[PDB]
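> pasting the first bit of my complex, frame unchanged:
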Amino acid sequence: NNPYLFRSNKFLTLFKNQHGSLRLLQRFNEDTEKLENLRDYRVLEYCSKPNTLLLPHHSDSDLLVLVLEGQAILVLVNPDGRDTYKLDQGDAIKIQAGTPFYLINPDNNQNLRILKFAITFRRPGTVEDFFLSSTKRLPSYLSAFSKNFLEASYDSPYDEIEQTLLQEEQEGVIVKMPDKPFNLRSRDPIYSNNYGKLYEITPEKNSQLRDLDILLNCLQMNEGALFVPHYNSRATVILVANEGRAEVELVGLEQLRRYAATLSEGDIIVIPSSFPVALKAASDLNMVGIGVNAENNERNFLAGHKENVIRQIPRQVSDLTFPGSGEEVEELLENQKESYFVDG
Amino acid sequence: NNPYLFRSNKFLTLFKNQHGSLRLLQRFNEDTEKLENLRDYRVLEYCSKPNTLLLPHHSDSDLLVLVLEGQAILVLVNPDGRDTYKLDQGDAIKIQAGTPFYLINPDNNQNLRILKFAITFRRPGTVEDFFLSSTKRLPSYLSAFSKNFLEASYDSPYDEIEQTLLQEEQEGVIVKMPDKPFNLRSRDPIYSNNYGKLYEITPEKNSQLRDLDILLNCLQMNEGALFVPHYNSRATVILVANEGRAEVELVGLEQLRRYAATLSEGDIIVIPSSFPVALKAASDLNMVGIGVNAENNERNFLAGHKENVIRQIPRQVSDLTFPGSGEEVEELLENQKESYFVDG
């Protein structure tokens, strides 16, 4: 059917309690060979209720963290000290693999929802988190060292070590608690009219992204509006439905196939580069895109007034290309006065 | 037998009519594990009769285009306009993935033959072309969008859209029609004597090539001449027999094996880096090489006067290496007065 659609149900729950949850999307190339180019990436979703803390741990992968909702205090621990960041909705930050960090939702009434995009390199497609704390879920990884190794390391009797560090205290890793971030809308939208806006941050313009060769964008569309047919020349975009519902039509050659699907909050659709795509906001809509192989990407439109490549074909060639006359093709293309987003 | 030989019959025909044809070579790692390093590349061959045009379309891959015969007008369509290039034999140009373009053979008596080297990244080993026009072969990809999406996009009744853009007109994509190119011989040959010449353009000296890490060369040899045993330290060269016949001897360790083969026009032989190779022109010969993993490649010769690494081994070591005496090895190596190409 549609190898590019990942409904929230394809998300596997890693941990969850009354305070929040962490889920991991199935591998992109899990059920298909078509998404081979996405094998090194995993998408995780973290949600926590007000006044909670994700216990300290480090990941074996580089993480691109995005606040989709709420606000957080993020602390990064270095051997020599620590950095604290207050993250607001739309803020993004890269967490280099191996950095222990903890996350707090300081709000007293609002939930925190974070999207974590993981770039794996140790074990391709695999992401592991090492928690410093022993819980019902899993004991501290420090408890795996032998007693003799533990005693010599800390220069203390094992009973001391075990009672202070190893013994199980919390039940889970989310507990009720008693480089710098950049926001996706930190710049003018690259597309903007009465029907919608598109914010985009490319690796060419952000040092954090340059290393990862990833682009991020924020799409906001008024109900009924339509993002007209276009395609990206290089980037494959993982599109996440954050708020609202979207009707998407992706055209691909595998023969000519139309993959139509309606996305709901939490659903995900991957848009391969070169594949024409178009989408309709069934309700007011907000989506976040993460495009890999982003460097030097260009968006080509097939309809509308601005950046419409069809409108650049000489008439004597348009004429041989389409059934209509050169003049006819021209006039038709002239009919849509709007650009990028139009009334659907 | 020979996992490195690709006779023209391994070429699959994608499209063909009275005006021309487009063929695609089978994947290099199709029948063997030895050409793993070449999985991301595909070779296509395009041929068209005089006064024809390859209808507009874009590819999902970056293409390195090489005119092996004839001349062409190549037009690249950008969202903001278009670039036109007149390409002559030996001219090469990189077409970035996602760029719609059309090709014309303006000549009235001569055929156009182009070799397209594709660097894939969306789906490794796969190349797809999206044609704007509906033909007997395949309908426009625009016809795959839903009627409601089409009408809102162009702001016109579907009948208008269908009659002007979607309805099938041409029968095929080649129709009888009523960054800048660089030529392979744009510089002095790096090897040249009475028996042959070798033109070479490396990524170190050409910006278009630097990005792809590919080198191109043009080999022209007089019948009977011999390109003496040598090997490339880093680049694996895909050698295309353009004109004439060549007897090739490639030595490889898989044990010690001699792969001997006679190539005819259209045949292809891959020369793995480090493998000694030598070839004889059975007739006046012209071949084009495309070497991947090209950066910093060095050609080491095992015979002849210049660049003969054997001649650099100290005599007390030559002596322990070969059956003859140090002096004897030296004298023998001294016998061939010529370099690179010799009388066969």
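Cool, the structure landed. Numbering: from 1, shown residues only, chains lettered A, B, ... in the order given.

> OK, contacts around the residue of the stretch 151-300 of chain A found nearest chain B?
Nearest residue of the stretch 151-300 of chain A to chain B (CB to the nearest CB) works out as residue A:233 at 2.6 Å. The C-beta positions use only the backbone N, C-alpha and C, and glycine is treated the same way. Residues in contact with residue A:233 (CB atoms under 8 Å, 6 or more residues apart in numbering or on different chains) are A:273, A:274, A:297, A:298, A:299, A:300, B:58, B:96, B:97, B:98, B:99.

> same thing but 6 Å
A:297, A:298, B:97, B:98 (CB atoms under 6 Å, 6 or more residues apart in numbering or on different chains).

> got the residues of chain A near chain B?
Applying CB under 6 Å from any CB of the partner chain, we find that chain A lies next to chain B at A:36, A:226, A:228, A:233, A:249, A:251, A:253, A:256, A:258, A:272-274, A:276, A:278, A:300, A:303, A:307, A:309, A:312, A:320-324, A:328-329, A:332, A:335-336, A:344.

> out of those, list just those in helices.
Cross-referencing the residues of chain A next to chain B against helices under DSSP state H gives A:320, A:321, A:328, A:329, A:332, A:335.

> tell me the most packed of those, by neighbour count.
Among those, residue A:321 has the most neighbours (other CB atoms under 10 Å in any protein chain shown), with 28 neighbours.

> so that one makes contact with residue B:133?
Yes. Using CB atoms under 6 Å, residue A:321 makes contact with residue B:133 at a distance of 4.9 Å.

> what's the span of stretch A:138-152, first residue to last?
Its first and final residues considered, stretch A:138-152 spans 24 Å by CA to CA, to the nearest Å.

> and it, what's buried?
Residues of stretch A:138-152 classed as buried by neighbour count (16 or more other CB atoms under 10 Å in any protein chain shown): A:140, A:142, A:150, A:151.

> in helices only, show me those.
A:150, A:151.

> before we move on, the earlier item: for the residue of the stretch 151-300 of chain A closest to chain B, which non-adjacent residue is closest in space?
Spatial nearest neighbour of residue A:233, excluding adjacent residues (CB to CB, 6 or more residues apart in numbering or on different chains): residue B:98 at 2.6 Å.

> what's the local residue count around that neighbour?
Counted with other CB under 10 Å, residue B:98 comes out at 24.

> now swap in residue A:268 and tell me
Neighbours of residue A:268 (other CB under 10 Å): 23.

> so what's it up against?
With the criterion set at CB under 6 Å, 6+ apart, residue A:268 makes contact with A:6, A:240.

> tell me what it is bridged to.
residue A:6, residue A:240 (DSSP bridges).

> ditto for residue A:218
On the basis of DSSP bridges, residue A:218 is bridged to residue A:199, residue A:288.

> distance check, it against residue A:201.
Using CB to CB, to the nearest Å, residue A:218 is found at 9 Å from residue A:201.

> more neighbours: which of those two?
Set residue A:218 next to residue A:201 and count neighbours by other CB under 10 Å: residue A:201 wins out with 23 against 20.

> check which helix or strand the residue nearest to residue A:233 maps to.
Assigned by DSSP states H and E, residue B:98 falls within no helix or strand.

> repeat for residue A:30
Going by DSSP H and E, residue A:30 is not part of any helix or strand.

> give me the neighbour count for it.
12.

> go on, the one 10 residues further on?
Other residues lying near residue A:40 total 17 when counted by other CB under 10 Å.

> next one: residue A:287
Look at residue A:287: counted by other CB under 10 Å, it has 26 neighbours.

> excluding its backbone neighbours, what's nearest it?
Closest to residue A:287 by CB to CB, 6+ apart is residue A:219, at 4.5 Å.

> put this one in as chain C:
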Amino acid sequence: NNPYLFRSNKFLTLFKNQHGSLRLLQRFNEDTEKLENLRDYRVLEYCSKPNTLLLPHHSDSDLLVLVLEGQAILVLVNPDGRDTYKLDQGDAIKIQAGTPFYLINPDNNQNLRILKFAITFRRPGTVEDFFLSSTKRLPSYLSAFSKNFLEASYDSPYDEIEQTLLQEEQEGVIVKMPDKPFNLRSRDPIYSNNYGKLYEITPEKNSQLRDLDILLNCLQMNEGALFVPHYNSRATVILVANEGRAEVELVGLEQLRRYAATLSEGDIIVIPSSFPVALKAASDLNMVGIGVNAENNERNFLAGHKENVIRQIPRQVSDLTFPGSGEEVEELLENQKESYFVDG
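Placing chain C onto the earlier chains gives this:
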């Protein structure tokens, strides 16, 4: 059991006679999917008795050569001449693929032991050596060319060619014989106290390494000493036991698993990035590490005074993380006065 342990018996013998031997470690991803990231590398070990020479040959791979014992004269042959290097214990040098070279152990009483780290790119995971000389083992690769090709190439009768170059002389490639090197201890150890020292050279500080994205280190520990629990954020370290015995404890998440093993001279253990590790010198110990994916690597300690990330966690957070009180965790961490290496 332990997918990361490679005892000397996993080494396959390529060649061996009374003068020395060359062995090749099995592919890292031979028996497991966990070491996928190491598929492009092979480890070879070369040992030769006093007054021997490894006959001239070139490799299809880039080699990082390390003298683990003894001394050698290494000659690199270029088309235009040759470079000679005298290598002492601890010296390292990169040999670019395709460079013919020979090795000599000039000492009259001491054995030469070299470790060759190969970075493959022609055929991933595969390494081939092309020897110029015909031996009982394998004939010269030049003997594979046809007689007519040989005669025209050297401009001499085949009998001459065969008698001087091709006929078998030596029995094997090690015969009794009648860019520049950098030493691993060419800089102050990055860690050093009464129990041990750690020398490290990163790609950031050495041009030869920068290209390969590899780091090298030399570890020397007094018997009884302990390299406390820590982990590398990016580099996966291939640890070679050069002298002495080590008790190693590697903790990994596959669930929480402790891989304990005692290494003897010649044994090898791979330490994946992010996996906590600790090791004890059962005897005075010297190990050499080769870390891939080295750029920007950071070592995080979990015990000891300096660079202990645990000691950077705020007390109100330590408190929620561990069973003990914030003050208690703090005090315990304060107990070990030493750093990096401690009395075991």
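
> can you check the contacts of residue A:233 again with chain C included?
Taking CB under 6 Å, 6+ apart, we find residue A:233 in contact with A:297, A:298, B:97, B:98.

> quick check, nearest of these to chain C?
When these are ranked by distance to chain C (CB to the nearest CB), residue B:97 comes first, at 24.1 Å.

> would you check that the closest one makes contact with residue B:61?
Yes. Residue B:97 lies in contact with residue B:61 (CB under 6 Å); the separation is 5.2 Å.

> and the two? Which one has more around it.
The residue with more neighbours, out of residue B:97 and residue B:61, is residue B:61; 27 against 22, by other CB under 10 Å.

> and residue A:192, how far from residue A:242?
Taken as CB to CB, the span from residue A:192 to residue A:242 is 18 Å.

> scratch that, residue A:248
Distance from residue A:248 to residue A:242, by CB to CB: 14 Å.

> ok, residue A:79 next?
According to CB to CB, residue A:79 stands 36 Å off from residue A:242.

> pick out whichever of residue A:248 and residue A:242 has more residues nearby.
Legend: neighbour count by other CB under 10 Å for residue A:248 and residue A:242, higher for residue A:248 (24 against 19).

> doesn't residue A:280 make contact with the more buried one?
No. Residue A:248 is beyond contact range of residue A:280, at 7.7 Å (criterion: CB under 6 Å).

> quick check: phi and psi on the closest residue to chain C within the stretch 101-250 of chain A?
Closest approach between the stretch 101-250 of chain A and chain C, counting by CB to the nearest CB: residue A:164, at 3.6 Å. Main-chain torsions, residue A:164, degrees, to the nearest 10: phi -80, psi -50.

> count the residues that sit near it.
By other CB under 10 Å, the residues close to residue A:164 number 21.

> cool, and residue A:33?
If you count neighbours by other CB under 10 Å, residue A:33 ends up with 10.

> so it versus residue A:254, what's the distance?
Distance of residue A:33 to residue A:254, computed by CB to CB: 11 Å.

> and for residue A:168?
51 Å.

> ditto for residue A:99
Counting by CB to CB, the gap from residue A:99 to residue A:254 is 41 Å.

> between the two, who's got more neighbours?
residue A:99 (20 against 10).

> what helix or strand does the nearest residue to that one once chain neighbours are set aside sit in?
Spatial nearest neighbour of residue A:99, excluding adjacent residues (CB to CB, 6+ apart): residue A:76 at 5.4 Å. Assigned by DSSP H and E, residue A:76 belongs to strand A:71-78.

> next: residue A:156.
For residue A:156, there is no host helix or strand (DSSP H and E).

> got the contact list for it?
C:332, C:335.

> equivalent analysis for residue A:185, please.
Counting by CB under 6 Å, 6+ apart, residue A:185 touches A:90, A:199.

> re the thing from before, ok, the residue of the stretch 101-250 of chain A closest to chain C - contacts?
Residue A:164 touches C:324, C:328, C:329, C:332, counting by CB under 6 Å, 6+ apart.

> distance check, the residue nearest to the first one when sequence neighbours are not counted against residue C:302.
The spatial neighbour of residue C:324 that comes closest, neighbours along the chain excluded (CB to CB, 6+ apart), is residue A:164 at 3.6 Å. Computed as CB to CB, the residue A:164 to residue C:302 distance reads 14 Å.

> what helix or strand is residue A:102 on?
Residue A:102 is part of strand A:101-105, with elements assigned from DSSP H and E.

> tell me the angle that strand makes with strand A:71-78.
For strand A:101-105 against strand A:71-78, the angle by axes from the mean of the first three to the mean of the last three CA atoms, to 10 degrees is 160 degrees.

> buried stuff in strand A:101-105?
A:101, A:102, A:103, A:104, A:105.

> and that strand, which strands flank it?
Strand A:101-105 has its sheet partners listed here by DSSP bridges as strand A:52-59 (antiparallel), strand A:71-78 (antiparallel).
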